[PDB]
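Comments concern the structure below.
Proteins come first, then strands; the chains are lettered A, B, ... in the order of their sequence lines, and each starts at number 1. What's counted below: heavy atoms across the whole structure, side chains too, no hydrogens, waters or symmetry copies.
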Amino acid sequence: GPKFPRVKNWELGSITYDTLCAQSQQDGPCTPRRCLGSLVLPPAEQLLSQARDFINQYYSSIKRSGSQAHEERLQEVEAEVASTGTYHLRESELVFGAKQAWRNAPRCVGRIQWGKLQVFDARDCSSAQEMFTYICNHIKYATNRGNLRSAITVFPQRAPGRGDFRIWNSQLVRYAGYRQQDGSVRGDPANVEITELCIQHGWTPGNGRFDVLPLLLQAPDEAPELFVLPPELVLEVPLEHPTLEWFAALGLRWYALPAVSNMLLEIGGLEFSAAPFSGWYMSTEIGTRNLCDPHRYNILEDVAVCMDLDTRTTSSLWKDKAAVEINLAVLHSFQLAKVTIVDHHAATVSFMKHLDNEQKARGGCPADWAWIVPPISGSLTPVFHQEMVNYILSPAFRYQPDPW
Amino acid sequence: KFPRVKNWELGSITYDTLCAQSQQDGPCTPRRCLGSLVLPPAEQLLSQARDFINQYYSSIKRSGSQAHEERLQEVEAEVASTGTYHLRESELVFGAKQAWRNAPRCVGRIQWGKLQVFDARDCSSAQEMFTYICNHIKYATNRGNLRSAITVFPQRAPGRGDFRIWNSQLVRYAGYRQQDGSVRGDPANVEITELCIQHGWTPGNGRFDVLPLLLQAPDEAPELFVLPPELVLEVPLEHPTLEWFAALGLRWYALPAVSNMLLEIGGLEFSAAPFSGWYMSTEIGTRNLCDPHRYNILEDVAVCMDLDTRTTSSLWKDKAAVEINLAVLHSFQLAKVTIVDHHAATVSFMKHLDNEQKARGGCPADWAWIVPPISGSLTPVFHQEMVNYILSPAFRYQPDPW
Ligand code: HEM
Ligand code: HEM
Ligand SMILES: Cc1cc(N)nc(C[C@@H]2CNC[C@@H]2OCCNC[C@H](F)c2cccc(F)c2)c1
Ligand SMILES: Cc1cc(N)nc(C[C@@H]2CNC[C@@H]2OCCNC[C@H](F)c2cccc(F)c2)c1
Ligand SMILES: C[C@H](O)[C@H](O)[C@H]1CNc2nc(N)[nH]c(=O)c2N1
Ligand SMILES: C[C@H](O)[C@H](O)[C@H]1CNc2nc(N)[nH]c(=O)c2N1
Ligand SMILES: [Zn+2]
């Protein structure tokens, strides 16, 4: 074979070679001396080359590469940068770039849907209040009464010497976490800081386990402003189990819409610091991570006690049994409420199909094995047996640290 | 420089300084991570030897002593004269424990200091290899109270062919290709099964037929030896509450004993150095029995359980897999054969990480192999960042001798 990584599937015995990785223009965290693949967090000339690359990508995607229109677009970007230090994307370039950032996201198992993204252009937005309107519109469109639709809303890009548009919440919908007297947390321990920041900015807190947080929205050079989401906009699913009738009595619930709001969207060197996007859940993120992580709702022991399991010994597999029934409750309850969700089996099957599609279309697919393999039943899914190459392509979504 | 390593469940952070001791490159580069891939003169030999002898004298806290100086000179003298050298038994013992300590894919490393090392470097024939292997099996098995062991056969030499065990483990079950392209037994072992038959083995026809060994002395065809049945401890699988489970006729062998890896110590290479510990239950219950390309029993079990098999969203696979893992643990516990479940194994691995942080400043670990194949995030290792790199002494994969 060629001098590109050989990639094997150990279940089926099949082999491919990744040639797409040659397109990577940004270094990850590994060296020949040590692999850091498991870590969670790993100028005019600089901008212009990122821009040219992106414009080349766009004209390739419309098959007008080398054309007069292509060359004129490049010259227009260069002159814009020459005189202003920055440039602006055409509407169709933004749409292409946003779908490409999703396509490029190594940690996303849902990429078979990448071409079906509704891109809302909010680059005219000039205030926190207007961000709120755009965000409520996104939530209404995306939620679609339970028939969820993938979407992204793009606020204005970072600009020379002017502050950023930022949504302070890590997602559009999250539950509060309230630090208690005895040191415990009521609600979601992941959200203790943001919850405290909201109270500080004038929110009157609740006292429940599942209280929806308000949004803290920041327009350039202003303190963030607080906006409560009208409860009729936030679709939630009370959790019940198909055969364990007591499960409904636990009063657990989750919201319908997974909407990430703290990632930076980079396209051609331009940085969109507020560009919240949403899809639909894969059930394990709720049933396994949100509900069972020891540092989250941590409900395994409660549920195992209800199931009458022996929680005194590891080898009864009480944690495994309880996690499975909680995951089944999530799926059953979303299906009952007619809210789009995908189980880990169906999601990883569709990601294997996406891998094949991309092998044909671009000669590989950047993928992060530790994130793509689900957190229960790993080797029961086809992705566990599939070698994966991880690398950074642009356009991309990047993590940004909390603005506080 | 030194990477920061975070645990996301507890918020705790360490810095890995051990990785600076790596002298051998892995498959990653700044352009792309290949961490998920399964497969990767006299002066170079001399410096590996020196490093190793330095490691050894450091472990017995005699660095710089007279014995240390004179041993270094012995190695130099031997290499300069002959191109190679030989380890003393106590060095071999230290080196074997260290290759285990260093193995990034092993979750069982809390046990690394406890290893019985059989010196088989005076072995000159496949016959003698067989006797040594039978003794290792008897020792390691110990009527079910398993004891970690390694037997080390003669090192590679520039002149000649290697000592090799053709089998990938000392105990494995045959896989017989059928006329309909079906496999009876373990589909992972079709090739070795067919090799045994072509070297004169009379095959069984069951699902759990223990394979004979193909053992190879230098520059000879391999020879076939059948393991005496009484040496091979097996565990019938039954379930604590599902009565019909026992009637599936399932079983697994007690002793996991890897026989195809190369042991590298101080630049010397031991191409046959089979080692054994005890099983982590998910290896049997999840991979061997539920992999689609292995015994693939999930659907049969789920149907016996009367689960709805038609749709993924009933989580019938997840349910059946849990019960199969439970059957494995219950049955080994019942037979009084050492086994460890994935929760206990991963908790002890976390302690090993803390011990190693204190002892050496880090611990090379391969997250994709450390995290178990069921209930990943239910175990503490899922939430633990890991740094992967190659330290020597080391175990290395070697391709099949045919
Ligand atoms: C259509 C349904 C979708 C499904 C089922 C899905 C599935 C997932 C899952 C399970 C994860 C891992 C999340 C975690 O553990 O934190 C993930 C990550 C991610 N997905 Fe998707 N995805 C979907 C849509 C989207 C969309 C619309 C975008 C953007 C346009 C997106 C981009 C990303 C990114 C950037 C990550 C990494 C997040 C991070 O680093 O925290 N995905 N996806
Ligand atoms: C004491 C009981 C032990 C337990 C519970 C244990 C656990 C494990 C597990 C679960 C794996 C992954 C197996 C797989 O998925 O193929 C593994 C791999 C490995 N272990 Fe251990 N281990 C034990 C003892 C040992 C010993 C005694 C040695 C050598 C002296 C050793 C060296 C290795 C090596 C080199 C690998 C990687 C094997 C490969 O690449 O195929 N371990 N261990
Ligand atoms: C520190 C840090 C880095 C990073 N890259 N990421 C994070 C968010 C963490 C990752 N793991 C839990 C939490 O992220 C929770 C949010 N995940 C929802 C998911 F991204 C999703 C699902 C379906 C559709 C869709 F559009 C989006 C934190
Ligand atoms: C191609 C290739 C490369 C590589 N490094 N490795 C392999 C063996 C594979 C790994 N995954 C299944 C199979 O290896 C099965 C052997 N595993 C037994 C396990 F290693 C074990 C457990 C407890 C104690 C002990 F001493 C040994 C194949
Ligand atoms: C340490 C490790 O990288 C970390 O816990 C990762 C593992 N895999 C994951 N996979 C997904 N999809 N989401 C996550 O939050 C994590 N956490
Ligand atoms: C492709 C992927 O690396 C491969 O399936 C790995 C993943 N993790 C593993 N983990 C262990 N312990 N054993 C294995 O064989 C594997 N296989
Ligand atoms: Zn890597």
Side-chain angles (χ1 to χ4, degrees), chain B residues 39 45 78 82-87 89 92 95-96 99 117-140 149-177 186 188-204 209-229 231-232 253 255-276 394-402:
Chain B
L39 296 180
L45 178 60
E78 203 165 341
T82 80
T84 194
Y85 72 109
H86 299 79
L87 302 166
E89 186 172 6
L92 178 68
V117 180
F118 297 108
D119 186 357
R121 299 171 292 166
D122 64 337
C123 178
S124 68
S125 75
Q127 246 297 336
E128 292 181 354
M129 292 176 75
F130 177 57
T131 307
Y132 276 111
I133 281 163
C134 286
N135 291 340
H136 181 127
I137 291 169
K138 166 252 162 251
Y139 177 87
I150 186 172
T151 297
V152 181
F153 291 103
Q155 72 205 54
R156 295 229 263 156
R160 53 108 173 115
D162 293 339
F163 290 84
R164 289 294 299 269
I165 295 148
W166 281 34
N167 306 61
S168 63
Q169 292 170 50
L170 300 183
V171 184
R172 290 214 85 181
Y173 295 129
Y176 309 109
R177 257 171 187 163
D186 191 340
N189 305 319
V190 171
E191 260 201 311
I192 188 83
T193 300
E194 286 168 346
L195 281 174
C196 295
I197 292 168
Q198 158 214 131
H199 285 86
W201 183 53
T202 297
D209 294 342
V210 179
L211 279 164
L213 303 171
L214 281 167
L215 297 185
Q216 184 170 33
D219 301 304
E220 294 295 321
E223 286 167 35
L224 181 82
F225 303 86
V226 181
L227 286 166
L231 275 172
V232 182
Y253 51 85
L255 188 66
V258 172
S259 55
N260 65 168
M261 298 193 79
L262 184 145
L263 166 69
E264 175 273 315
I265 298 178
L268 301 181
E269 300 177 323
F270 300 88
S271 55
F275 61 87
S276 64
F395 287 103
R396 294 200 212 288
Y397 189 80
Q398 70 196 324
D400 297 347
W402 63 93

Taking the side chain as every heavy atom from C-beta outward, state whether [X] and [Y] have any atom pair closer than 4.5 Å.
X      : Y      : result
B:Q127 : B:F225 : yes
B:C134 : B:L231 : yes
B:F270 : B:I150 : no
B:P274 : B:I165 : yes

[atom1]/[X] to [atom2]/[Y] distance, rounded to the nearest 0.5 angstrom?
X      : Y      : atom1 : atom2 : value
B:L213 : B:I192 : CG    : CD1   : 9.0 Å
B:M129 : B:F153 : CE    : CZ    : 5.0 Å
B:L170 : B:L255 : CG    : CG    : 7.0 Å
B:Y397 : B:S168 : OH    : OG    : 7.5 Å
B:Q398 : B:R156 : CD    : CZ    : 7.0 Å
B:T151 : B:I133 : OG1   : CD1   : 7.5 Å

For [X] and [Y], which heavy atoms make the closest approach, and how far apart are they?
X      : Y      : value
B:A96  : B:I265 : N-CD1, 3.7 Å
B:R164 : B:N260 : NH2-O, 4.2 Å
B:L211 : B:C196 : CD2-SG, 4.3 Å
B:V210 : B:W201 : O-CZ2, 4.1 Å
B:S271 : B:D162 : OG-CB, 3.4 Å
B:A273 : B:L263 : CB-CB, 4.1 Å

Does [X] reach the main-chain N or O of [Y] with its side chain, forming a donor-acceptor pair under 3.5 Å?
X      : Y      : result
B:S259 : B:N167 : yes
B:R121 : B:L87  : yes
B:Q155 : B:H86  : no
B:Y132 : B:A120 : no
B:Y173 : B:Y253 : yes
B:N189 : B:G175 : no

If you look only at distance, which donor and acceptor atoms sit under 3.5 Å apart when one is on a side chain in residues 214-223 of chain B and the other is two or more places apart or in another chain?
from, atom 1, to, atom 2, distance (Å)
B:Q216, OE1, B:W166, NE1, 2.8
B:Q216, NE2, B:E220, O, 2.8
B:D219, OD1, B:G161, N, 3.4
B:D219, OD2, B:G161, N, 3.0

query = Of all residues at least two apart in sequence or in a different chain, which pass the ring-ring contact (aromatic ring centres under 6.0 Å, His included) check with B:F118?
reply = B:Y139
request  = Applying ring-ring contact (aromatic ring centres under 6.0 Å, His included), name anything that partners B:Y176, two or more places apart in sequence or on another chain.
outcome  = none
note = Across all chains, not counting sequence neighbours, the side chain to side chain donor-acceptor pair (under 3.5 Å) partners of B:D400 are none
message = Holding to side chain to side chain contact (heavy atoms under 4.5 Å, CB included), I want the full list of residues that pass it with B:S124, two or more places apart in sequence or in another chain.
response = B:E128
message = Under the rule for side chain to side chain contact (heavy atoms under 4.5 Å, CB included), what residues qualify as partners of B:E191, not counting sequence neighbours?
response = B:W402
